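The data below hold one chain only, encoded as C-alpha cells and taken in the form deposited in one PDB entry.
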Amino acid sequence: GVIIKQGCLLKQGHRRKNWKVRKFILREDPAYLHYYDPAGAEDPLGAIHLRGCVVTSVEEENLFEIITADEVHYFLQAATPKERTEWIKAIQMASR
C-alpha cells in the first residue's frame, strides 16, 4: 500500500473523551489510516480500514469525524480549516 498523506492530528479519546496527539499515515492500495505515538514508534497504536467509511466536518475548532463501514466513530481535530478539508478529501479518495 502506498502512502498518500502523512501528518499529526488530535484524536478524541474513545475512552474518556479526552484528546491526544497522534501521527497519522494514510495509505491507498489497502485503504488504511493508521495512527501512532506522536513520537517515532512506527508500530501503530491502531488502524482504520477506510473501505466504505463516511467522513464529514463537525459543526473545539476544525473537527471532523470518520464513520467506518461497521460504524466505529472517530473524532479528529485539525489545526486549521484548510488542513481539515485536505484530510477529509484525502480520506475520501483513499476509500474509493
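Here the rigid core means the biggest group of C-alpha atoms that line up within 1.5 Å when the two forms are laid on top of each other. Residue positions are given as counts along the sequence shown, with the first one as 1. Residues that one form lacks are left out of the comparison.
Just so it is clear, the following notes concern the form deposited with a small molecule bound, a form of the same protein that is not shown.
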**Q.** the small molecule contact at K11 in the deposited complex, heavy atom, 4.5 Å
**A.** yes
Q | Partner contact for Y74 in the deposited complex: the small molecule, 4.5 angstroms, heavy atom | A | yes
Q. Might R84 be said to contact the small molecule in the deposited complex, defining contact as any heavy atom within 4.5 Å?
A. no
Q) Just to confirm, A41 within 4.5 Å of the small molecule in the deposited complex by heavy atoms? A) no
Q.
With a threshold of 2 Å on the C-alpha, tell me if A41 counts as moved between this form and the one not shown once the core is superposed.
A. yes
Q: Superpose on the core, then tell me which runs of at least 3 consecutive residues have all their CA atoms shifted by 2 Å or more between this form and the one not shown.
A: 39-42
